[PDB]
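One line per chain: the protein sequences are Y, X, O, V, Q, W and T, in this order. For the first sequence, the deposited numbering gives the first residue as 3, with consecutive numbering after it. For the second sequence, the deposited numbering gives the first residue as 17, with consecutive numbering after it. For the third sequence, the deposited numbering gives the first residue as 271, with consecutive numbering after it. For the fourth sequence, the deposited numbering gives the first residue as 5, with consecutive numbering after it. For the fifth sequence, the deposited numbering gives the first residue as 2, with consecutive numbering after it. For the sixth sequence, the deposited numbering gives the first residue as 11, with consecutive numbering after it. For the seventh sequence, the deposited numbering gives the first residue as 1, with consecutive numbering after it. Here a beta-carbon is modelled for each residue, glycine too, at the ideal position from N, C-alpha and C.
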Amino acid sequence: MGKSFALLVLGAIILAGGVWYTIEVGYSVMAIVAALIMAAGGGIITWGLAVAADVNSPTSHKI
Amino acid sequence: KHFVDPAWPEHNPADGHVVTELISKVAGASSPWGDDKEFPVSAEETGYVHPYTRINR
Amino acid sequence: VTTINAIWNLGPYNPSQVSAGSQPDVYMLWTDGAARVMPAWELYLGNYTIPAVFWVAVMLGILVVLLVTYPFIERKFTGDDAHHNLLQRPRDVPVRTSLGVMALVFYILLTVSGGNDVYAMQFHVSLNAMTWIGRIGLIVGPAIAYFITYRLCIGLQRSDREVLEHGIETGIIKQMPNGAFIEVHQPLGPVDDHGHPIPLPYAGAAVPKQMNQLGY
Amino acid sequence: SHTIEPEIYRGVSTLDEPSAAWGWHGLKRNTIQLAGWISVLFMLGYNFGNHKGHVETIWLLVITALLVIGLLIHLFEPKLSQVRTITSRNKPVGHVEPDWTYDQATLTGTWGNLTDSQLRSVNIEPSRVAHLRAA
Amino acid sequence: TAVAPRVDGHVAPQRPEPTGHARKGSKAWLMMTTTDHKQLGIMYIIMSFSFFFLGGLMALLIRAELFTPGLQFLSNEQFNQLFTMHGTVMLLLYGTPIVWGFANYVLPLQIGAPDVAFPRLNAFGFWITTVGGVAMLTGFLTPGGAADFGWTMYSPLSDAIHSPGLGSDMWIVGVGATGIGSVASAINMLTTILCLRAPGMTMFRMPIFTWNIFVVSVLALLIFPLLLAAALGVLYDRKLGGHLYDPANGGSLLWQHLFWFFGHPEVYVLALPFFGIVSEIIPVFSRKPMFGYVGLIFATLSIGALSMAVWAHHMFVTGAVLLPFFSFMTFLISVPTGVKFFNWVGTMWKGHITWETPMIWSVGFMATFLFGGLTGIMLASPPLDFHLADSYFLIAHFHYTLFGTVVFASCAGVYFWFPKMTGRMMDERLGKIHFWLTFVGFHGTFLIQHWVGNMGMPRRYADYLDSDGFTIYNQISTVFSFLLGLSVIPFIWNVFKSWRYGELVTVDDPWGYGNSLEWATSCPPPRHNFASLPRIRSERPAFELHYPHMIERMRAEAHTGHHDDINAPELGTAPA
Amino acid sequence: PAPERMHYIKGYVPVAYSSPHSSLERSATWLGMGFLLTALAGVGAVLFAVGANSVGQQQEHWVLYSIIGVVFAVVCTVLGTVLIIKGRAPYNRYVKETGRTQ
Amino acid sequence: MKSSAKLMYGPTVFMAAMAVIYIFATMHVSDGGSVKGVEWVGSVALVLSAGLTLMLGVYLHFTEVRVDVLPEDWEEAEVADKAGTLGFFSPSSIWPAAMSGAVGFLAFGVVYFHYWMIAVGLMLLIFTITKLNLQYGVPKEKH
Ligand code: HAS
Ligand code: HAS
Ligand SMILES: [Ca+2]
Ligand SMILES: [Cu+2]
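Okay, here's the thing in structure tokens:
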């Protein structure tokens, strides 16, 4: 797995952080900024899962 | 007798026409260069004179 | 069949009056456009001042001086000082073609900015956007023009070599018994024992690209 | 069959640019850099003006960012290595492909060593071909 | 069946060069002047994905402004311009041109032709579509801005009296030019199927992508003239002072009838070719034939017939269309569209599936599109559409459905035919990252919109009140919208990197089990497609070419019935 | 014109949809397909009539709607069917004349 | 091209049926969610659509009845039956892009409704279509 779990850890810290910020801002323009942070968090979550989903059954060899 | 263009193919008169609106003797477009022609030809009979150019160095 | 200067519609000269689209003639529009695109960069040196429209005159002067001295900087940067009587096709000299085209884009943008308010009135663009198109475009436009022009030059060049190597594409597609589709080429010179032409050298001249040019 | 070898003319290869002998080809890299950085400086100088809106400023700074990253990757010239993997039923490099259409037409090559039932299933009566392959 | 002589001095033909090895100046003047159907196809596809990025950016601005109740950075006018141009760009500058680009590339390879019938008309179609795009988007350069009456351009809101900006004219001529492009492309493809097939490539041996391109060419030729006529009628009205679409002339519903008679067949024109791409992909990775081939052809042609009679289910809440007729007709056209899923399951039933990227994208397409179509039959029933029309439920329906086809199956086609197009493979891992990002973002965006639409949110609403109860749903939807927007970053990187540094293809068929004829030729094909042709006997000639020991087996297993004609006597005598 | 049958050795079995004896080219078949698709509209008509009647409206015309529905459905079904059979006649005599079906 | 010509009669019969059905229904049937009267858009649209499919089906059939048995319309054709010339195809042309540019100038003139733009765009368009249609026939220069 490797970087899979690493991504999943990092992304959670980003996602939760955005969830903390979207409650503070809260309807201003910066709410959008908070959402973007949250999206990037979710992106890195899915990125980690995708890496796992590839190394579960790789369709390519490093040859 | 009626006129026929000198670039027109000759044909079997029982076979109708060289081309008509519904049908042709070819799957694509007929060539502008006459389908009776066979290419390539010799470069001598294309008439292209390839220049000889030398410029001052 | 067409008016050019209805002086009667303009009335006599008065220092207090003016019109909206009061442009000069087309061969001068570039100077007016320069005056429009130059920002308000003015120097105030104690009791003296250098107006902003000084830099216009500097810029225009530079362009003019550059034009009059092109053969000499081309001699400096090509290293050629030979005696020539045969012209070059513009595709065969891409740097000069691209420089000339980007200078034409520069001059056309100065001309179009010199009449930008008529452009805005008639095509409904923001006049502020038009002066900014002038400013930003006199940088990015010549660059884009140089790049596009250079690659099109080399492409025409390479298209000539294609036909001096393989001959004119006749457009006739012929199927071989193995199934292959082959396009009949017409060699412009002699041929090898396997039918492939013996590639002719490029001679600086125009190479025909279709059978109707050979007369067929 | 025959091909002429390339030649360099003031630093321009005739393989890259065919007519390298006939005119001025390729102005060099430092002049591209000089022009681009002077233009960047002007694109920054426009921010010093009497204008009041910052739509203009966003345009100027975005186009400046594009110019700067362009000139940066022109200066440092990035490159990547070809991907050295094998995906699906692709074979390693150097493998030679057969002509399957010729093999099918001739009943040789990859279409060699077909059973009699397999020859009948393609409408080849095996009597014809047994005289000529695998006799 | 004849057999050739083992000729002397035979060596296979030379393989063309892959992408990324190009010298400068190699494509500029060629692009400008080419009549090669397959360079033109690559240009179509690159162009349409660039417009996809534009329209999607507009959509993400829409989702940003719907994040919280007040208007944070957009105005009402700018929000209206944004959804109008998002809809127009995504349907007419992404969808239809990518349809015709995939057709241009693969269709002559599928039927065994060297060129298309009318090469310069093909070039014209590409360029007129690009000019239509430029014209349509030029409205944003005005001070007032683009058109802002929705991509449907309902009347009298589209009259000059009610939408006077110049962008409203630009939009019209934009869609007109794109339609001109489409009809050129349609003419080309239809003639190319009728007049340039290979020996033994009878009609019922073509692949199913070819059949779908056939019927959608017929539909496009029906409908795009009608949109040009109606919209030039609108432009006539606006510029000359005409009165055809006057409300007291019944002009509102004149426009609606004409528009939807064009417009529902257009969504079928966008759906069918991508169903065809998926019907190419699913049998290759299952190592199994396409189930129910002739039945699939009949279902395709059934959709082609029915699509012209279902149009006015977009007008149930107008109080001016006969409800039972169009309701029943929609319920009928649901049937052949759904039979396709049964055929794909039959193609997967007890197969040997391998999960390369195109199979992942295709099964994701099936899962995505099923829910969209199930949502569609609710709208087919007027009692339910009375509540659901012009709600966010409708947004969710057609986004599930247009992503299912035109996005999921478009990326499936890209991954499937990138080796053939370029001679290089793409990075499978980056493709799976792209897929999972798109999948998660998409379902997170548009699933919750069913609920907020049922709850009472209308479409095309720039602003809402915090008392409506809509806020939390919009917030979830926008977060996953930005995720779905990030999904294209690995896709762009994968295309760019693999185009010039991707794994080289050394085989005619890098997936192994290519059915159609395009896998009987090299990667990339030569200029005139084929260096030699095989015997066409099945509808999957390439499979028969690469695995002759299977040609006895499949013929025995093709049917479920106990057909015994492998013991039949000889027929004929000799000549061939 | 080309002959009626083509050379098939014993053991060969084709994929033969576009053969000269196949109903997919005999014109009757496709008209029958049109009429069979068209017959379903009469089923729609009779269902609309009966459904409107069941809730108490269309009362002056629902019997006429039912009549036109059933007669339209049956005539389209019938003439489409017999057209299909007239398209599939040559294949049937082919299946009799030889053991081959595929 | 038998099957292609013949499968155009499915949609022809269907669209004609739907035309007559829609016409009678919209003029005679009444429901509370619409006003009785013949709906002319759908009427004309469906009958002209059946006209389009009739047009293609009839022309292709009238051609099919006098084309020979081609190898691509034959179940056991050999690959060498189409050996020979296939036809002429344009290898290259600058005039498609030219035509798109002419149509662009015309369309922007129509947008703004500048009369000179409409005139120039129509002139450009006739010119570029003419030059497209004269490409492979221009004389050799006689000097
Ligand atoms: C690619 C593009 C599209 C496709 C394909 C598509 C397919 C359908 N649509 Fe749609 N749609 C509507 C109904 C359907 C139906 C019934 C289907 C069918 O093709 C769905 C069949 C597909 C399936 C996948 C069915 C399920 C599959 C299987 C295998 C099970 C067997 C099926 C059974 C038993 C029948 C289901 C029965 C159940 C009880 C569930 C209606 C009205 O009935 C409206 C207007 C409503 C309004 O105005 O608000 C509408 C609106 C739109 C718009 C509106 C745009 C705008 O702004 O106005 C777009 C772009 C669009 C796209 C597309 N739509 N559609
Ligand atoms: C084939 C046809 C279509 C596709 C595909 C499509 C895609 C989307 N649509 Fe849509 N659309 C809507 C939302 C979306 C979203 C979110 C996407 C997504 O696919 C968009 C994402 C796709 C992209 C391609 C984005 C590319 C991203 C870029 C270029 C930026 C990436 C960089 C980032 C994020 C920065 C990096 C940050 C880091 C931290 C690294 C919504 C509502 O959320 C409405 C209704 C609005 C209303 O008020 O009624 C709507 C309306 C329509 C209409 C009706 C138009 C009208 O009513 O006038 C049509 C026909 C249509 C078609 C289509 N639409 N859409
Ligand atoms: Ca908001
Ligand atoms: Cu619809």
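Residue range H38 to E66 is occupied by the alpha helix (DSSP H) that includes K39 (chain Q).
About 5 Å separates the beta carbon of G126 (chain Q) from that of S186 (chain Q), a gap short enough to meet the 8 Å contact definition.
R538 (chain Q) counts as buried, since at least 16 other C-beta atoms from the protein chains shown sit within 10 angstroms of its C-beta.
Neighbours of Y22 (chain W) across chain V, judged by C-beta separation under 8 Å: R124, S125, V126 and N127. Shown in chain order are the residues whose CB sits closer than 5 Å to a heavy atom of ligand 3: Q:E66, Q:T69 and Q:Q73. Per the coordinates, the alpha-carbon of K6 (chain T) lies some 20 Å from the alpha-carbon of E14 (chain W). Counting only Cβ-Cβ distances below 8 Å, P447 (chain O) has contacts in chain T at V79, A80 and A83, in chain order. The Cβ-Cβ distance between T85 (chain T) and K444 (chain O) falls below 8 Å. In terms of beta-carbon proximity, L41 (chain W) stays away from the interface with chain Q, with every pair separated by 8 Å or more. At a cut-off of 8 Å, the C-beta of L56 (chain T) has no neighbouring C-beta in chain X. Straight-line spacing of the CA atoms in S30 (chain T) and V38 (chain T) works out to 11 Å. Q:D467 is the residue among Q:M44, Q:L484 and Q:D467 whose C-alpha sits nearest the C-alpha of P70 (chain Q).
Chain X places no beta carbon closer than 8 Å to that of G316 (chain O), leaving this residue out of the contacts.
Think of a sphere of 7 Å around the beta carbon of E9 (chain V): no beta carbon from chain Q falls inside it, the nearest being about 16 Å out.
Ligand 1 has no heavy atom closer than 7 Å to the beta-carbon of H55 (chain V). Remark: the C-beta of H314 (chain Q) is in contact range of ligand 4, defined as less than 7 Å to any heavy atom. With 16 or more other Cβ atoms inside 10 Å of its own Cβ, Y22 (chain W) counts as buried. As for any alpha helix (DSSP H) of minimum length 4 sitting wholly inside the stretch 305-355 of chain Q, the runs are 324-349, ordered along the chain. One thing to note: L41 (chain Q) has its Cβ no nearer than 8 Å to the Cβ of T34 (chain Q). Residue-level contact check: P22 (chain X) does not touch chain T, since none of the beta carbons of chain T fall below 8 Å from its beta carbon.
For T34 (chain Q), the residues of chain T that pass the 8 Å Cβ criterion are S92, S93, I94 and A97, in the order they occur in the chain. Between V60 (chain W) and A83 (chain W), the C-beta spacing is not below 8 Å. With contacts defined by Cβ atoms closer than 8 Å, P457 (chain O) and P67 (chain X) do not form a contacting pair.
The three-state reading of DSSP puts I320 (chain O) in strand, counting E and B together.
In this structure, DSSP gives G377 (chain Q) a helical state, which the three-state scheme calls helix. For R88 (chain V), the nearest beta carbon of chain Y is closer than 8 Å to its own beta carbon.
Remark: C-beta atoms of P469 (chain O) and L434 (chain O) approach each other more closely than 8 Å.
Comparing C-alpha distances from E281 (chain Q) to each of Q:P337, Q:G320 and Q:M207 shows the shortest one belongs to Q:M207. In this structure, ligand 4 has no non-hydrogen atom nearer than 7 Å to the beta-carbon of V72 (chain V).
In the DSSP annotation of this structure, the continuous segment of the beta strand (DSSP E) that includes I438 (chain O) starts and ends at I438 to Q445. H455 (chain O) has O:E439 as its beta-bridge partners, per DSSP. Looking from the CA of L17 (chain Y), the closest CA among Y:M40, Y:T61, Y:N58 and Y:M32 belongs to Y:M40. Taking 8 Å as the cut-off, the beta carbon of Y246 (chain Q) is found closer than this to the beta carbon of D160 (chain Q). The beta-carbon of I443 (chain O) is placed less than 8 Å from the nearest beta-carbon of chain Q. Within 9 Å of the CB of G474 (chain O), the CB atoms of chain X belong to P67, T69 and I71, in sequence order along the chain.
As summarised for the stretch 541-576 of chain Q, the continuous alpha helix (DSSP H) elements at least 4 residues long and confined to that stretch are 542-547 and 552-558, given in chain order.
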